[PDB]
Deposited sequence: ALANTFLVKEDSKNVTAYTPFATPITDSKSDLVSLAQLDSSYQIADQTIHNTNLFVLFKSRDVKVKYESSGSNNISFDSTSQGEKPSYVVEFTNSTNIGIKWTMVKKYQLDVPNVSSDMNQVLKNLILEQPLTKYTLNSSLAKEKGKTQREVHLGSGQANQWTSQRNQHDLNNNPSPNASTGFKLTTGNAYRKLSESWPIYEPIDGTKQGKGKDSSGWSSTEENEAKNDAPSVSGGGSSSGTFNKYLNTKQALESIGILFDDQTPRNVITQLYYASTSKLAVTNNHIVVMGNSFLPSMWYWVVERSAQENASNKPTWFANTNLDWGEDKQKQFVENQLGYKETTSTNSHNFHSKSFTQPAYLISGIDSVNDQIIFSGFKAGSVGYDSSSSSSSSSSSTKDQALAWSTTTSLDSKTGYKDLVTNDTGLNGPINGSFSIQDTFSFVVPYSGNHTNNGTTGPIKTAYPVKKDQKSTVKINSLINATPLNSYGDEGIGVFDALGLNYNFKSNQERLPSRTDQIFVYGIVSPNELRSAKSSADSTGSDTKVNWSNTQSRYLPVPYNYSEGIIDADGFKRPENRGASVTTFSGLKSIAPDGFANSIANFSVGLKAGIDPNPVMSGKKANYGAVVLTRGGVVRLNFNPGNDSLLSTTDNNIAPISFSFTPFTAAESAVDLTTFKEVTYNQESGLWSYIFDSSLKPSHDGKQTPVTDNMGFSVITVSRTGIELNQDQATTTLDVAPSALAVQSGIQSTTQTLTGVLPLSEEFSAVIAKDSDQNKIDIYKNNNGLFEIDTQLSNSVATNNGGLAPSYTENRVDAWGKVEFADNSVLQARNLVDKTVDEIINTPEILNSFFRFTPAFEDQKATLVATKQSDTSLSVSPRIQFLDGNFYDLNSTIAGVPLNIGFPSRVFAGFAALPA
């Protein structure tokens, strides 16, 4: 398709030509055309074999979780909120223009809930989502019991050597290791049936109520409402809470008046955000804002008015790399036994990581690509009565030890922190570290923080965090875990990874793999599992230089950590990802081998490159355990790219000619108000980041058959940007030129940006030239000027006598391209703009010529050029030459 589609708002999509003009009548209310009510908006859209596929979701959607009976999750039929999300396939029915017409429609239903899932969901509790305005101090939580307060109790410290063997903690040198963090304060946790508040606390160490629903509505809510009142078209203090209602509206939180709808409705709304199409499937996943606990796998072959069922992430096993890497995640999901009446959590019911913050989803060839962060999910003790971990989340640093052999496989499979706590704070001679030094009796036993005694008489249930952090523990290991600051003291000095905090996840899912996820989703009775083995994990912290004044040699923790983050987030500890796209590399490969492809995704302070073997559509790898999985490469941002507000991400396109990704950011996406209820005024403008591959690419030649280096990428603030204008769209015409449509007032203006040695700058003269289009689809040809089409000077008729061409014939001259090229002088409008003449016998004696001329997009245009089958009628000149012979 030689046209470009452009979402002009929540409902309408319009086709643009490469001249930044709308195709007449192509502007389409797709919501209306999908026969859906006006509460529906477009969430994502895609081209697949020339048809348009659109994901719609409703602002009216309301969802219930009744934790008793069956079919536990369902839409609120009463009022009207049975407004499920739909995927729709449109085709173009005209040959002249764009008339879209609906072909298939798919309702995305609410998940089945096996009896066995529902016991976890009874007591599942979820953190309020991270916003733009959430502070490191907001996220901090009160430090929980030490490893020996839980096991031994209130007797003494100096039993720890004699007493640890009976609690299966042999040789563990960490009685003073945290078992996580208190839920009596901090960010709010809520069950699927309750609601999150609009207030976040500035110091969650002191001002949350945490999971104490009761306490909130009884005590703390009127206090926070006193401190942080909603603007009205009072203004108050903000000593203790931010009011983030508007920043919540911003990331897709839904409301009745000033109250957010229940968690289950926010999970559903946020879970229908991204789509991707194959010949056989539509897959639908969630946004990078909320954790998503399920995805949909629609079979294109599905019947009308059917009910496409989502698959639980809890039912979907990934390869985390090595096997120990997966066990780290599951061991911290909750307490496991076959002694515990009603101690029901994801780990005890034999489920796996239940929640991802999805970066996005795409299809290449016939494969779904995805990436994301593991959303923190752990045990919390929910008992009453006098249980010592009561009201406490059970979490700990799983960060490698210092003495761990350097070499990737050896680092991520180090046994340090596998079964319970060991990390905290240590000093050897006068060298300090948060990480355990070691890793003669036997082994160094880690064990889950539940006193063997009270084992049947404890209540460990599941929680899900709003970020990629397991432990909010207001201690030093927390900051080094999240920021990437645990290093060993050896020859090379190597960064020691977490296998629980800040874990990035990516993969390629095959059609058979999809067919199981659907099979899991329709299973009646018991949970059916699904293996995605084309997948990997990676420790991916936020860059430390997004913070200040951190101490190493009072040691800095989350509650005191100064953020200087420039990427539109107040916090400097939680990582974020957005806009995963794939593309096929257009740079041919040694034949005998299939097109190379990859994907990129932005993360805090860097681009990441996903690498694949197109042979067997797998992840790239190398024989060597030592070196780090070559499926992943991270390239840090420079100051210019770090300045971009990631929370304003709008769109990402690939272009197979350039082999370049364009990330568009639109500042109109900022919330109306700050957490201090101050109006936001830097909401004008936009920014484009350009990504391109680097490194030696697979199968360029005999030597590159294999690789022990990961192909990387590079993000560049391209130079296309504005703080003044309202974006409408960015047409990436070619490697050399981009077109921005925008308003300054209320009428659209076209700017052309030109690529100068890899930096794009506005060409005021090309812009005014392309804009001069007389209300037509394409820019005017102008006889005495060098406008968008350049300037064409025809030879005088007397060039024929001059060059003895009178002796040649129309029919001869027409099959001599290089002779009629000498019938004009072209002055181009941009470097290496080309132009040919096209002849046409008019008589026995005469021909005429009309030029074929390159535009910004690389393509030639002439008198018969069409876009979407609609004649452009560009108005190039013509010329008759006469006095040729008839031999």
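- Residues of the deposited sequence lacking C-alpha coordinates, counted from 1, fall in the stretches 1-2, 236-238, 391-394, 449-455, 570-580, 915-916.
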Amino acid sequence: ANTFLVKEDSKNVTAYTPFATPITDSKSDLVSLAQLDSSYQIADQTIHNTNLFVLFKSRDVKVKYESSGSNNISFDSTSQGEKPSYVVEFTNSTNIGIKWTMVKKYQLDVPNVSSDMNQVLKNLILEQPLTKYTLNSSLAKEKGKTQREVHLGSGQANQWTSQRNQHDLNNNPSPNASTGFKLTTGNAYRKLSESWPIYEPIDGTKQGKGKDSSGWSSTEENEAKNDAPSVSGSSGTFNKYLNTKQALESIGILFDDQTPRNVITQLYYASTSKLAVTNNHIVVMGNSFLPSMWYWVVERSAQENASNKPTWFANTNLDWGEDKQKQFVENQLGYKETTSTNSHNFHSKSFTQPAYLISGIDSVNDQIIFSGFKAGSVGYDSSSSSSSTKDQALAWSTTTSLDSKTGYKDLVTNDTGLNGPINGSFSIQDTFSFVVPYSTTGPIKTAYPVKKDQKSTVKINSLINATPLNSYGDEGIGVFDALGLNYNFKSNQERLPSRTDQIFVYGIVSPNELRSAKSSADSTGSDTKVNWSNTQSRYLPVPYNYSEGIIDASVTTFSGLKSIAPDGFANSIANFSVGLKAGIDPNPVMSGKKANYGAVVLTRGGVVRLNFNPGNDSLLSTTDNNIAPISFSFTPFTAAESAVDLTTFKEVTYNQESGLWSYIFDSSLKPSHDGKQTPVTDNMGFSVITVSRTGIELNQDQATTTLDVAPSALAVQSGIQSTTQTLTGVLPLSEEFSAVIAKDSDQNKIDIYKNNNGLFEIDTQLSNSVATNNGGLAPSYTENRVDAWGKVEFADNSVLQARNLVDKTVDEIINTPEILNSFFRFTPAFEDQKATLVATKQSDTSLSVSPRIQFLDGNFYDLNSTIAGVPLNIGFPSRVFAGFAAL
From here on, numbers count along this sequence of modelled residues.
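Whichever C-alpha set is largest while still superposing within 1.5 Å between the two forms counts as the rigid core.
- In terms of root mean square C-alpha deviation after superposing on the rigid core in 4 other deposited structures of this protein, the stretch standing farther out between 750-758 and 331-339 is 331-339.
- Of the two segments 622-630 and 421-429, the one whose CA positions lie farther from the displayed form in 4 other deposited structures of this protein, once all are superposed on the rigid core, is 421-429.
- Compared with other PDB entries of the same protein, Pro111 is present in all of those that resolve the residues around it, none of them, let alone a third, dropping it.
- Compared with other deposited structures of the same protein, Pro129 does not meet the criterion of being unmodelled in at least one third, since all of those that resolve residues on both sides include it.
- Of the two segments, 334-342 and 800-808, the one listed with the higher mean B-factor is 334-342 (C-alpha atoms only).
- As recorded in the PDB entry, 148-156 is the stretch of 362-370 and 148-156 with the greater mean C-alpha temperature factor.
- Comparing C-alpha B-factors across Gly568, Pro129, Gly286, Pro175 in the deposited entry, the largest value falls on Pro175.
- Residues shown: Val792, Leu610, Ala447, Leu714. Highest C-alpha temperature factor in the entry: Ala447.
- Among all modelled residues in its chain, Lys324 ranks in the highest third by Cα B-factor.
- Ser850: CA B factor lies in the lowest third for its chain, per the PDB record.
- Ranked by C-alpha B-factor against the other modelled residues of its chain, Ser58 falls in the middle third.
- Among the modelled residues of the chain, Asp403 sits in the highest third by CA temperature factor in this PDB entry.
- Placement of the Cα temperature factor of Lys749 within the chain: lowest third of the modelled residues, per the deposited record.
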